[PDB]
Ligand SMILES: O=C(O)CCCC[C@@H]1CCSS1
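Listed next as structure tokens is one chain, alone, in the form solved without the named molecule.
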């Protein structure tokens, strides 16, 4: 058909993320994909975060909470089985964010819930006591495709995340809602919401297909899956070793916190590593790239940092701020 419908029968977050990674980059942009899944207890961190600073790893081990690192930026997210998650993908020009958003809204309507879009990302139910968030999401575009994924809060434990994160004093010093569906719909299950999104998906495209039910015990019909799954679940990718440097500079900006670890010998940086919870870590990863071998002196720290501007027009503020902050922090 023109449709693929993938239903994960696994709570393994490395398995579920590896499928998403195949939808986004492995699969041909040539069908319309809906993938429906959830994870057992997991902290998902952005690709540039340092879990040894961010997470109470001892508590995680004691409570049997998993760590997964995703390949986009941003901060920590908590998953459990009371989150029902969805990923849509479709080729351009045909697809844009509005289709999948409408499909999920219809799904929610079919369930007896009056929901609306709110911002570029969220879905919200109108309430006597004001707007309540029932869904988070993120949208990404490629040259060949659009890609949309998010979660629905059916019966999430909302308190839990804070037990697994370390206090961040500078995040605290700086400064700059949500409801479970089970609060409205006491019987609601994962399977019912999956059923509802699938129907709204089939109704939209005028077509039906059989569900491919997928789990780690056999290869899904996704190219390069075995390798993507070996990488996604590897300790070295999800955790990695703690940074071991002799200097550390850190700051919380409005667009994210930044930790910069490095060594200085003979007045130059001999090695450096940057961490961040910024939504776009690319300009920070590329700063780390340009800091190697740099003269440890504000004029050069700023020259290296500002040499990147031409290639990051949308992040010019981020870079101007990092640059000013380093000039101030080094003296």
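Residue numbers count along the first chain shown, from 1.
We do not show the form solved in complex with the named molecule, though everything after this point is about it.
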*Using heavy atoms and a 4.5 Å limit, would one call residue 149 a contact residue for the named molecule in the deposited complex?*
yes
*Answer for residue 204 alone: is it within 4.5 Å of the named molecule in the deposited complex, judged on heavy atom distances?*
no
*asked:* Does any part of residue 138 reach within 4.5 Å of the named molecule in the deposited complex? Heavy atoms only, please.
replied: yes
*Would you please decide whether residue 11 lies within 4.5 angstroms of the named molecule in the deposited complex, comparing each non-hydrogen atom pair?*
no
*Name the residue from 72, 155, 234, 109 that puts a heavy atom within 4.5 Å of the named molecule in the deposited complex.*
72
*Quick one: which of 139-147, 97-105, 216-224, 193-201 gets within 4.5 Å of the named molecule in the deposited complex, going by heavy atoms?*
139-147
